[PDB]
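In case you want the letters, here they are:
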Amino acid sequence: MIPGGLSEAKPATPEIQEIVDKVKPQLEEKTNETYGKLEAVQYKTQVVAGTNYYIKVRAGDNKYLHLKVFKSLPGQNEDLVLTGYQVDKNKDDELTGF
């Protein structure tokens, strides 16, 4: 199907959305939409061998970003990893959510 980090994930936390203001200090005040889509979109959680994370970031209605935070630690513990990473404008443009 096309689940946007559903089930195990919340709607833009005060933490994940803060990331949209750190590495996305433009994508967070650029869409300048008249709604609440200027921040994180949501973050799902799922182990793996360090704890995978899916940070789908929100950039408004026309802009959208995305990330996958992963604390790589499969027994060897060799730094983290982020198989996810995206800007906005219309790349993560995906209307997901229950």
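For this deposition, the record names solution NMR as the technique by which the model was determined.

(A) Here's a closer look at the pairing of strand β2 (residues 38-46). Inspection of the sheet shows strand β1 (residues 9-11) paired to β2 by 3 bridges, in the antiparallel sense. Within β2, the residue paired with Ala9 across the bridge is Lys44. Examined bridge by bridge, β2 and strand β3 (residues 52-59) share 8 bridges and lie antiparallel to one another. Bridge pairing in β3 places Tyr43 opposite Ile55.

(B) Quick peek at the layout of surface pockets. Here the largest pocket is characterised by a volume of approximately 210 Å³. Considering the residues around the largest pocket, the lining is formed by 18 residues, among which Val41, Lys56, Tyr64, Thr96 and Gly97 are closest to the centre. Broken down by secondary-structure element, the contributors of at least two residues to the lining of the largest pocket are β1 and β2. Of the residues forming the lining of the largest pocket, the biggest block, 3 residues, is contributed by β1. Residue composition of the lining of the largest pocket, grouped by class: 6 nonpolar, 7 polar and 5 charged.

Definitions and limits used
- Residues numbered from 1 in each chain as written, not as in the entry; some residues may be left out.
- Heavy atoms only, no water.
- Pairing = 2+ DSSP bridges.
- Helix = DSSP H or I, 4+ residues; strand = E, 2+ residues; numbered from the N terminus.
- 1 Å grid on protein atoms, 1.4 Å probe; cavity = no way out; pocket = protein on both sides within 12 Å on 5 of 7 lines; lining within 4 Å.
- Points joined across faces, edges and corners; volume = space filled by probe spheres on them.
- Nonpolar A, V, L, I, M, F, W, Y, C, P; charged D, E, K, R; others polar.

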